[PDB]
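**Q** If you scroll down you'll find the structure; I have some questions about it.
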Amino acid sequence: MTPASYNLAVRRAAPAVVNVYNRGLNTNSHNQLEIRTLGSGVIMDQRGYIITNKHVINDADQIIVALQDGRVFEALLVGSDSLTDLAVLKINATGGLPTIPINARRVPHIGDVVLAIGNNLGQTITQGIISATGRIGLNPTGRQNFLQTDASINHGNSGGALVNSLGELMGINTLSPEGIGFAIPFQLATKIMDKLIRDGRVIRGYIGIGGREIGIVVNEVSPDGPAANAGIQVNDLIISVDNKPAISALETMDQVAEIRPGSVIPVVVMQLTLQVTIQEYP
Amino acid sequence: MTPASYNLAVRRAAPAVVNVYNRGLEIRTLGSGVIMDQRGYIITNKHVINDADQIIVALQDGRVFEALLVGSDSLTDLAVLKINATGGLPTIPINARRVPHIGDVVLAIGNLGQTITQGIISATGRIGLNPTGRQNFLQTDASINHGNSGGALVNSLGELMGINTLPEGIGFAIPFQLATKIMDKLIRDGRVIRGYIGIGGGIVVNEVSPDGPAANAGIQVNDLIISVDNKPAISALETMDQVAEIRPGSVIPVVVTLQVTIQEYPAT
Amino acid sequence: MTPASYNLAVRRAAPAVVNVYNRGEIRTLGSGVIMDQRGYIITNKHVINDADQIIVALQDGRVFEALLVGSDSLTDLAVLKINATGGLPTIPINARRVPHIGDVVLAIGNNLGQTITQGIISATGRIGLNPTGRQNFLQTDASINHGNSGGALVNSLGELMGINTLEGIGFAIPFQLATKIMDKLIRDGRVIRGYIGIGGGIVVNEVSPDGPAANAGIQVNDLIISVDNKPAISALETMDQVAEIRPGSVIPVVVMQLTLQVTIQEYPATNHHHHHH
Ligand code: NI
Numbered sequence: 042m043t044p045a046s047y048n049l050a051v052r053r054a055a056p057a058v059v060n061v062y063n064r065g066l067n068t069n070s071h072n073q074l075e076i077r078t079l080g081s082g083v084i085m086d087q088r089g090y091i092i093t094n095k096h097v098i099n100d101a102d103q104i105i106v107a108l109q110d111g112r113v114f115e116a117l118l119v120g121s122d123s124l125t126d127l128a129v130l131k132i133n134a135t136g137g138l139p140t141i142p143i144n145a146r147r148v149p150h151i152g153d154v155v156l157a158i159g160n163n164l165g166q167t168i169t170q171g172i173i174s175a176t177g178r179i180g181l182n183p184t185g186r187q188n189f190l191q192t193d194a195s196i197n198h199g200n201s202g203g204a205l206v207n208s209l210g211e212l213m214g215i216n217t218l219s229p230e231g232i233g234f235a236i237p238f239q240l241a242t243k244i245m246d247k248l249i250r251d252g253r254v255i256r257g258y259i260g261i262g263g264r265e266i281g282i283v284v285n286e287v288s289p290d291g292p293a294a295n296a297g298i299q300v301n302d303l304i305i306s307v308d309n310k311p312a313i314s315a316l317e318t319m320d321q322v323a324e325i326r327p328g329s330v331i332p333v334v335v336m341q342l343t344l345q346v347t348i349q350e351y352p
Numbered sequence: 042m043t044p045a046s047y048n049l050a051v052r053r054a055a056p057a058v059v060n061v062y063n064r065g074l075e076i077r078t079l080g081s082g083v084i085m086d087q088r089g090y091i092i093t094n095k096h097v098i099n100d101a102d103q104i105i106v107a108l109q110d111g112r113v114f115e116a117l118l119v120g121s122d123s124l125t126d127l128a129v130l131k132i133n134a135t136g137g138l139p140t141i142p143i144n145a146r147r148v149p150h151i152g153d154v155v156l157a158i159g163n164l165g166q167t168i169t170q171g172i173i174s175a176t177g178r179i180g181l182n183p184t185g186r187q188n189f190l191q192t193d194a195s196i197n198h199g200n201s202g203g204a205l206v207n208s209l210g211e212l213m214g215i216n217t218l229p230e231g232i233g234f235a236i237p238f239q240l241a242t243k244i245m246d247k248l249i250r251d252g253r254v255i256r257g258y259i260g261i262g263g281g282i283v284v285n286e287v288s289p290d291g292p293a294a295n296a297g298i299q300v301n302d303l304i305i306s307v308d309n310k311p312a313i314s315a316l317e318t319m320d321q322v323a324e325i326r327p328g329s330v331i332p333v334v335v343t344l345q346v347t348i349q350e351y352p353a354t
Numbered sequence: 042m043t044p045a046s047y048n049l050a051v052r053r054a055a056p057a058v059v060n061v062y063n064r065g075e076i077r078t079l080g081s082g083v084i085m086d087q088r089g090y091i092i093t094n095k096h097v098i099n100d101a102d103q104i105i106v107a108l109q110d111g112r113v114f115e116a117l118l119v120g121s122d123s124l125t126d127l128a129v130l131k132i133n134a135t136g137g138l139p140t141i142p143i144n145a146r147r148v149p150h151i152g153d154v155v156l157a158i159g160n163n164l165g166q167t168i169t170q171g172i173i174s175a176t177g178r179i180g181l182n183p184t185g186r187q188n189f190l191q192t193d194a195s196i197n198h199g200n201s202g203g204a205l206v207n208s209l210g211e212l213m214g215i216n217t218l230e231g232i233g234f235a236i237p238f239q240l241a242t243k244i245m246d247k248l249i250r251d252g253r254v255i256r257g258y259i260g261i262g263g281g282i283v284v285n286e287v288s289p290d291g292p293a294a295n296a297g298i299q300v301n302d303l304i305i306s307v308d309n310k311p312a313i314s315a316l317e318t319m320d321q322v323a324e325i326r327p328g329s330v331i332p333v334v335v336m341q342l343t344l345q346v347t348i349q350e351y352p353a354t355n356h357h358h359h360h361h
């Protein structure tokens, strides 16, 4: 008989998970390059784009990437996002690169087996399940809406890959309380990377409104916010946003986040139609 | 190929696991519970609902209910709640004939929202009523924290193995067979009544509790009990489970032939 | 349907995992693994250290007094023997089984009774006799504690992957190495390692003072193309070969082309290996 094994996922995925080194020039008195911080990263495609954690590369004078096949590259920082703790790196590779398996049509499910891959002790693999799937939208809601897993997530595998039993990327491990780890869902991680590549930063739309649906009841209105300037008031009920029926608070704030700053959109509330000018997130 | 997944167990079991809010009016304590049946009975931990002025239950489908306290048991750290069942309730899958085995895959289901973790059964534990302590509870390496305490332990079919209860790596759960028995006794009597013979240690008697049933019947230390209540005593642990099932006030012979009357287990 | 279960592995393996009692009162507790019908048992050195009397308890209730055959500091392994004429449960062992990263494993150990936890192989480790440190043991996310230390790490067939030895990363001696160590402890009462005194054709980085290499005339920066009539491709593999060579043996070492006769010696006794230094 065949022993039960996730080795298939490992062989398919693991070569695309790299070591990431943060080196400073002010770290020691002799101003020689020295490692400040270590972490993991995931090679996304053959152009040399790599996703890692922002906290791994913060204030780096030099970023080094090391592949499992022995190759070492200096990396350039494309951009970073504090809200997701993600950063994107670019290495210049000759001769091809290993790349993480991805299936964009795969729907992650609570209970899916996952392996956490991270690269002192060498490349480590730990196993768990998806505890919670989290949200793929741009509106930051906090950590509760990231992907949760009971696969051990430590400083060793942070910025590394979370894959399913087929070796397909589920998310990017991010260190952040009791026996539970977090990852950025891959669908969101991909969106963040494309935005960082294009704009050098993640641009979010911000309407400055709190609320919860029973339409959507407004609990609070941010001061000097787009909603306040438009004339929106507390206790008001928003039945539509940008010609999109609003059945949900979380769903609506995700829609706003996609809307580019400077865009004017109708906000229907009960019936007064207000013209709101979307602004960049804080 | 499809990804390896326990999502089947999740889909079946998870809707039956609820949040429990202890209010003393603000929320003092939080926990999880398991809807047992369509009558609206819910099992949770005693330590969750202790000193509650009001108890509230929230289902994954968003419905919120005020809950009645039916009763609780310190020894198993279980409590039973009851809520309005009118509209119909999601219930935990249960198989009374299912025999749990060491090595069985289990999911612990129960702040950050509903949380599901995976592990195996390390030890099956005893389903009897005589309190033995936590060592005889079901043990699992599926992470057990405050978040899931009072929540469900289920197998890959979604069937209920146990009720989660609080080294560092091992979690404990009341075996579902014992939880079922506790719940029924709480529904009937409003508390768990246990038969108590007051004997430690055929079966060699190590000690005899003072002013206990055994002492009053004439049983002396170092005596050998070959039978209790027309049953052979092969095992101490199994004999005490039998005693626990016996109603207080009942007179049974103890062959060592002495007549003893059962006393209700000490409340503390 | 049927519930997903590793119980098969449990029924095959767990009976062979025993409680080990170090008494001097009981100074220390631990777990052990019955390896074969002869009654040899593997456990941890740190469990049986300074033991006046060692006792072994099987899950079936039988209890035995154990003889200490020997121990090895580098692998934290020790071997016990018990005399049992009533037959013994043995751990399943498959010597042709190749452990892979990602294999499911159960950690079995024998307070709170026998405990079983589940995880995977994070890293396979090395089976060589030359000590490399903890980095090269087998790594697993199956919880490894005082409870199961010295106990068995098995795959889903109940076959032995390794022997548990003490964050969320557990270590075990790979079974292939554990078997080699046990056989050496049984024969010699201690692990005797061949030592050439060289740092890692193969470019020599350093030559230990008063060492076998130094006495043979080998110099630093030299290239070793052969050792004991075997090609030297790799440093790690070559030091494993030397480790198997009995002390006192005289082997040729070809270097570029001078042939040198080296007298292998015992590995200088080092309790300092795992110390940082
Ligand atoms: Ni030292």
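Chains as they are written, first to last, in the authors' numbering: chain A, 42 to 160, 163 to 219, 229 to 266, 281 to 336, 341 to 352; chain C, 42 to 65, 74 to 159, 163 to 218, 229 to 263, 281 to 335, 343 to 354; chain B, 42 to 65, 75 to 160, 163 to 218, 230 to 263, 281 to 336, 341 to 361. Note that CB positions come from ideal geometry on N, CA and C, so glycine has one too.
Give a yes or no on whether 8 Å exceeds the smallest Cβ distance from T78 (chain A) to chain B.
**A** Here residue 78 (chain A) refers to the residue found at position 37 when the first sequence is read from its first residue. No, its Cβ sits nowhere closer than 8 Å to a Cβ of chain B.
**Q** So which residues touch the region around the ligand NI, with touch meaning a C-beta under 7 Å from any heavy atom?
**A** With the cut-off at 7 Å, the residues found are B:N355, B:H356, B:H359 and B:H361.
**Q** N207 (chain A): which of A:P352, A:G263, A:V335 and A:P149 sits nearest, CA to CA?
**A** Counting from one through the first sequence, the residue named residue 207 (chain A) turns up at place 164. Measuring from the Cα of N207 (chain A), the nearest candidate turns out to be A:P149.
**Q** Just mark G152 (chain C) as buried or exposed, buried being the case when its beta carbon has 16 or more other beta carbons within 10 Å.
**A** As a first step, residue 152 (chain C) must be located in the second sequence, where it is residue number 103. With 16 or more Cβ atoms within 10 Å of its Cβ, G152 (chain C) is classed as buried.
**Q** For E211 (chain A), does the count of other Cβ atoms within 10 angstroms reach 16, so buried, or fall short, so exposed?
**A** Translated into positions along the first sequence, residue 211 (chain A) becomes position 168. By the 10 Å Cβ count, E211 (chain A) comes out buried.
**Q** Along chain A, in chain order, which residues have C-beta atoms closer than 9 Å to that of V154 (chain B)?
**A** The residue labelled residue 154 (chain B) in the question sits at position 104 within the third sequence. Within 9 Å Cβ-Cβ: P44, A45, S46, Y47 and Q170.
**Q** Whose Cβ in chain B lies nearer than 9 Å to the Cβ of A50 (chain A)?
**A** Against the first sequence, residue 50 (chain A) aligns to sequence position 9. The contacting residues are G152.
**Q** Determine the contact status of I132 (chain A) and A116 (chain A), defining contact as a CB-CB distance below 8 Å.
**A** Position 91 of the first sequence holds residue 132 (chain A). Position 75 of the first sequence holds residue 116 (chain A). Cβ atoms of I132 (chain A) and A116 (chain A): closer than 8 Å.
**Q** Let me check understanding here. Comparing Cα to Cα, which of A:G257, A:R256, A:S288 and A:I255 lies closest to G263 (chain A)?
**A** What you label residue 263 (chain A) is simply residue 211 of the first sequence in a count that begins at 1. The residue with the shortest Cα to Cα distance from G263 (chain A) is A:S288.
**Q** Against chain A, with Cβ distances strictly below 8 Å, would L205 (chain C) count as a contact?
**A** Walking along the second sequence from the start, residue 205 (chain C) turns up at place 153. By this cut-off, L205 (chain C) is not an interface position.
**Q** So with Cβ pairs under 8 Å, would you call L316 (chain B) a contact of chain A?
**A** On the third sequence, position 236 is the one that residue 316 (chain B) refers to. No, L316 (chain B) lies away from the interface with chain A (no Cβ there is under 8 Å from its Cβ).
**Q** Measure the CB-CB distance between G203 (chain C) and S329 (chain C) and report whether it falls below 8 Å.
**A** On the second sequence, residue 203 (chain C) is found 151 positions in, with the first residue counted as 1. On the second sequence, residue 329 (chain C) is found 250 positions in, with the first residue counted as 1. No, these two residues do not count as a Cβ contact at 8 Å.
**Q** Per DSSP, what kind of secondary structure is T43 (chain A) in: helix, strand or coil?
**A** The residue given as residue 43 (chain A) occupies position 2 in the first sequence. Looking at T43 (chain A) - three-state DSSP - the assignment turns out to be coil, as it is neither helix nor strand.
**Q** Taking 8 Å as the CB-CB limit, is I232 (chain C) close to chain B?
**A** Along the second sequence, read from residue 1 onward, the residue named residue 232 (chain C) stands at position 170. Yes, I232 (chain C) counts as interfacial toward chain B.
**Q** Which residues, in chain order, does the region 175-189 of chain B contribute to contact with chain A at a C-beta distance below 8 Å?
**A** The region 175-189 of chain B vs chain A, Cβ under 8 Å: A175 and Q187.
**Q** Whose Cβ in chain C lies nearer than 7 Å to the Cβ of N197 (chain B)?
**A** Counting from one through the third sequence, the residue named residue 197 (chain B) turns up at place 145. In chain order: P229 and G231.
**Q** Closer than 8 Å by C-beta to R88 (chain C): which residues in its own chain qualify, once you throw out the five before and the five after it? Chain order, please.
**A** Position 39 of the second sequence, counting from 1, holds the residue named residue 88 (chain C). So the list reads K131 and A134, once near-sequence residues are dropped.
**Q** Does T167 (chain C) get closer than 8 Å to chain A when you measure Cβ to Cβ?
**A** As a working mapping, residue 167 (chain C) is identified with position 115 in the second sequence. Taking Cβ atoms only, chain A reaches closer than 8 Å to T167 (chain C), which makes this a yes.
**Q** Starting from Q345 (chain C), follow its DSSP beta bridges and name the residues at the other end.
**A** Against the second sequence, residue 345 (chain C) aligns to sequence position 259. According to DSSP, which records beta bridges pairwise, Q345 (chain C) is partnered with C:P332.
**Q** Tell me where the beta strand (DSSP E) around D126 (chain B) begins and ends.
**A** Taking the first residue of the third sequence as 1, we reach residue 126 (chain B) at position 76. Unbroken run through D126 (chain B): none, as it is neither H nor E.
**Q** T167 (chain B) to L127 (chain A), Cα distance in whole Å?
**A** Walking along the third sequence from the start, residue 167 (chain B) turns up at place 115. Walking along the first sequence from the start, residue 127 (chain A) turns up at place 86. Cα-Cα distance, rounded: 40 Å.
**Q** Output, in chain order, the set of chain A residues within a Cβ distance shorter than 9 Å of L209 (chain B).
**A** For this step, residue 209 (chain B) is matched to residue 157 along the third sequence. By Cβ distance, chain A contributes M42, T43, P44 and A45.
**Q** Quick one: what does DSSP say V148 (chain A) is sitting in, helix, strand or coil?
**A** Looking up residue 148 (chain A) in the first sequence gives position 107. Three-state DSSP puts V148 (chain A) in coil, outside helix and strand.
**Q** Quick one: list the residues of chain C neighbouring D193 (chain A), beta-carbon separation under 7 Å, in chain order.
**A** Counting from 1 along the first sequence, the entry for residue 193 (chain A) is found at position 150. Ordered by position in chain C, the residues that pass the 7 Å Cβ test against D193 (chain A) are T169, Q170 and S195.
**Q** If you run the structure through DSSP and keep just helix, strand and coil, what is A353 (chain C)?
**A** What you label residue 353 (chain C) is simply residue 267 of the second sequence in a count that begins at 1. The answer is coil: DSSP assigns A353 (chain C) none of H, G, I, E or B.
**Q** Can you check whether the CB of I84 (chain B) is closer than 8 Å to the CB of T125 (chain B)?
**A** Along the third sequence, read from residue 1 onward, the residue named residue 125 (chain B) stands at position 75. Along the third sequence, read from residue 1 onward, the residue named residue 84 (chain B) stands at position 34. No; because the gap between Cβ atoms is not below 8 Å, this pair is not in contact.
**Q** Starting from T78 (chain A) and walking both ways along the beta strand (DSSP E), at which residues does that stretch end?
**A** Residue mapping note: residue 78 (chain A) aligns to position 37 of the first sequence, counting from 1. Counting along the chain, the beta strand (DSSP E) containing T78 (chain A) begins and ends at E75 to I84.
**Q** So for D302 (chain A), helix, strand or coil by DSSP?
**A** The residue given as residue 302 (chain A) occupies position 236 in the first sequence. Correct three-state label for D302 (chain A): coil.
**Q** Do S201 (chain B) and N94 (chain B) have their beta-carbon atoms positioned less than 8 Å apart in this structure?
**A** For the purposes of this step, residue 94 (chain B) is taken as the residue at position 44 of the third sequence. For the purposes of this step, residue 201 (chain B) is taken as the residue at position 149 of the third sequence. Cβ distance < 8 Å, so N94 (chain B) and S201 (chain B) count as in contact.
**Q** Anyone know if the C-beta pair for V119 (chain C) and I244 (chain C) falls short of 8 Å?
**A** In the second sequence, residue 119 (chain C) corresponds to position 70, counting from 1. In the second sequence, residue 244 (chain C) corresponds to position 182, counting from 1. Not closer than 8 Å, so no.
**Q** Taking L218 (chain A) as the query, report the chain B residues whose CB atoms sit under 8 Å from its CB, ordered along the chain.
**A** Start at 1 with the first residue of the first sequence, and residue 218 (chain A) comes out as number 175. In chain order: nothing, as chain B lies at least about 12 Å away.
**Q** With 8 Å set as the bound, which would you pick, yes or no: does the beta-carbon of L130 (chain B) sit closer than that to a beta-carbon of chain C?
**A** Here the question's residue 130 (chain B) lines up with position 80 in the third sequence. So no, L130 (chain B) is outside the interface.
**Q** Please tell me whether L127 (chain C) has its Cβ less than 8 Å away from any Cβ of chain A.
**A** Here the question's residue 127 (chain C) lines up with position 78 in the second sequence. No, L127 (chain C) lies away from the interface with chain A (no Cβ there is under 8 Å from its Cβ).
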